[PDB]
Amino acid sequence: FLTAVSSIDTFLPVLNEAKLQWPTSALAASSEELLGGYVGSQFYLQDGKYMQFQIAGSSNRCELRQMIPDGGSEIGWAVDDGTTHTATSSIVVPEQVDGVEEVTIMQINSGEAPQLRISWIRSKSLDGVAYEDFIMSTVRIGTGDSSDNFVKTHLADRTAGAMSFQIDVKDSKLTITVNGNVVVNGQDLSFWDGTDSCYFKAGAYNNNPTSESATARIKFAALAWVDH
């Protein structure tokens, strides 16, 4: 028997502003369904306190997608609309099983391309330095495929305990704070000026696994998205 995330109060504010995509982008459960006790092995309350996402398969996901609150439709905002768009979370990333290589855990996405992904990464060299078992940001500065279209940053090595995140977008600039420490300040997002389709996401999006059956697993102790 699995306990529903909505059975406690911690996640109700964000569930009231999200739909869940599982196991792919096109298969969704509404905010109303989440508030109404949606539960499954893919999305359940773990140890009485974690909103836990699980997903296997290349590019599959179990992921919340920001909605207008109170039964509203899909949100779309802009990096340059004057409002500060903020996502906060507290995440326990457990040890990922063999075959899981990268798990996107928070995003800014849009109708054009992902402006930002925060992901757990098994192993990667960045700017001549090798990192392992760590949390990375990937920011798009163009629409192409080559590395010049991205800015990738080591944020923090994965910790045993919960790790806090804050993503702030204001006036075409991005700041990321991890465990209270600024790890990106004032990253330019002006390429995306006028893109009015941006939205936050969070959960587990499984990128480039080496096994189709290996299940990514991510635990949220807190998640909120706000505007101000």
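So that there is no doubt, residue numbering starts at 1 and follows the sequence shown.
For the higher mean C-alpha B factor in the entry, choose 191-199 or 162-170. The stretch with the larger mean CA B-factor is 191-199.
Give the stretch, out of 97-105 and 74-82, with the larger mean C-alpha temperature factor in the deposited entry. In the deposited entry, the stretch with the higher C-alpha B-factor mean is 74-82.
Between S90, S119, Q115, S147, which carries the biggest CA temperature factor in the record? The record points to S147.
Taking the chain's C-alpha temperature factors as the reference, tell me which third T215 falls into: lowest, middle or highest. Its C-alpha B-factor belongs to the middle third of this chain's values.
Assigned third (lowest, middle, highest) for the C-alpha B factor of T10: Highest third.
Sorting the chain's CA B-factors, does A26 end up in the lowest, middle or highest third? Its C-alpha B-factor, which the entry lists for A26, ranks in the highest third among residues of this chain.
Using only modelled residues of the chain, where does the Cα B factor of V129 rank: lowest third, middle third or highest third? Ranked within chain, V129 CA B lands in the highest tercile.
Chain third (lowest, middle, highest) by recorded CA B-factor, residue given as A4: Within its chain, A4 is a middle-third residue by C-alpha B-factor, going by the deposited values.
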